[PDB]
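There are 2 protein chains.
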Amino acid sequence: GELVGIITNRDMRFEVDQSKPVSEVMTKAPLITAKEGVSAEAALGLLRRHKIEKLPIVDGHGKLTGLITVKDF
Amino acid sequence: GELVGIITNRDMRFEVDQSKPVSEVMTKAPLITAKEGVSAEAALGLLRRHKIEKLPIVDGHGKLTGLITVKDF
Ligand SMILES: Nc1ncnc2c1ncn2[C@@H]1O[C@H](COP(=O)(O)OP(=O)(O)OP(=O)(O)O)[C@@H](O)[C@H]1O
Ligand SMILES: Nc1ncnc2c1ncn2[C@@H]1O[C@H](COP(=O)(O)OP(=O)(O)OP(=O)(O)O)[C@@H](O)[C@H]1O
Ligand SMILES: [Mg+2]
Ligand SMILES: [Mg+2]
Ligand SMILES: [Mg+2]
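Here the protein sequences come in this chain order: B and F.
Using the deposited numbering, count along the first sequence one by one with no gaps and you end on 220.
Using the deposited numbering, count along the second sequence one by one with no gaps and you end on 220.
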């Protein structure tokens, strides 16, 4: 139940073998994340700062509780 | 005439003020580049390794000569 990574379109867009596991392709932890109760402006600022489009949202124990994307904005 | 940076869609996609200069928004050098005469395989390997969609090509003296993009592939 621990957030171990994140796998997006850039990771899979050139992989010819579609039978590979996620572990070989994913971006492993640590990640750029935000805590629970993050506002829209804070998430947008983080995304603009780190030049990313996704933002996992974790609790105080480091467990995954939410996800934010640029698609929302 | 020096290759001082690169500016892409991620840099500009949340800049409300369109009158800003390029320098205030661009990604400054050094950049992930390749040498002249780089094959398609090497360029694709660089793009996959660094998770980027562009690749400037400079000469032996560091002056910009060309560009490679994922659009080509
Ligand atoms: N929060 C994050 N922390 C760390 N790495 C991340 C994070 N979000 C995305 N990445 C990684 O950054 C790279 C690209 O990020 P992003 O998710 O914006 O790409 P994408 O949505 O696949 O892009 P495109 O839509 O242009 O194909 C990928 O390798 C992805 O795994
Ligand atoms: N060769 C490079 N070296 C270093 N940084 C780069 C290079 N090419 C692009 N970047 C930077 O990486 C970020 C995203 O790279 P990329 O050029 O793939 O984005 P993009 O094509 O705008 O993405 P999207 O498809 O999500 O709109 C931007 O901040 C951009 O300035
Ligand atoms: Mg995207
Ligand atoms: Mg995109
Ligand atoms: Mg893209």
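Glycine residues also receive a C-beta, built at the ideal position from the N, C-alpha and C atoms.
Is residue 196 of chain B a contact residue of ligand 1, with contact defined as CB to any heavy atom under 6 angstroms? Residue 196 of chain B sits at position 49 when you count from the first residue of the first sequence. Not under cutoff, so the answer is no.
Tell me, please, whether the segment 205 to 212 of chain B touches the segment 192 to 202 of chain F by the rule of three or more beta-carbon pairs shorter than 8 angstroms. no
Taking 6 angstroms as the line, does the beta carbon of residue 160 of chain F fall inside it for any heavy atom of ligand 1? Within the second sequence, the letter at position 13 stands for residue 160 of chain F. Every heavy atom of ligand 1 is 6 angstroms or more from the Cβ of residue 160 of chain F, so no.
In or out: residue 180 of chain B buried (at least 16 other Cβ within 10 Å) or exposed? Taking the first residue of the first sequence as position 1, residue 180 of chain B is located at position 33. By the 10 Å Cβ count, residue 180 of chain B comes out buried.
Are there any heavy atoms of ligand 3 lying less than 6 angstroms away from the beta-carbon of residue 200 of chain F, as far as the coordinates show? In the second sequence, the residue the question calls residue 200 of chain F occupies position 53. Every heavy atom of ligand 3 is 6 angstroms or more from the Cβ of residue 200 of chain F, so no.
Give me the residue from B/154, B/191 and B/218 with the minimum Cα distance to residue 171 of chain B. Numbered from 1 along the first sequence, position 24 holds the residue referred to as residue 171 of chain B. For the residues B/154, B/191 and B/218, the minimum Cα distance to residue 171 of chain B belongs to B/154.
Flag residue 156 of chain B as yes when its Cβ comes closer than 6 angstroms to any non-hydrogen atom of ligand 1, and as no otherwise. Position 9 of the first sequence holds residue 156 of chain B. Yes, the beta carbon of residue 156 of chain B sits closer than 6 angstroms to at least one heavy atom of ligand 1.
Do the CB positions of residue 175 of chain F and residue 152 of chain F come within less than 7 angstroms of each other? What you label residue 175 of chain F is simply residue 28 of the second sequence in a count that begins at 1. What you label residue 152 of chain F is simply residue 5 of the second sequence in a count that begins at 1. Going by C-beta atoms, residue 175 of chain F is nearer than 7 angstroms to residue 152 of chain F.
Would you mind telling me which residues of chain F sit closer than 8 angstroms to residue 195 of chain B, beta carbon to beta carbon, in chain order? One-based indexing of the first sequence puts residue 195 of chain B at position 48. 161, listed in chain order.
Do residue 174 of chain F and ligand 2 come close, with the Cβ less than 6 angstroms from some heavy atom? The residue labelled residue 174 of chain F in the question sits at position 27 within the second sequence. Residue 174 of chain F Cβ: within cutoff of ligand 2.
Quick one: grab the DSSP three-state call for residue 190 of chain F. Residue 190 of chain F sits at position 43 when you count from the first residue of the second sequence. In this structure, residue 190 of chain F counts as helix in the three-state DSSP scheme.
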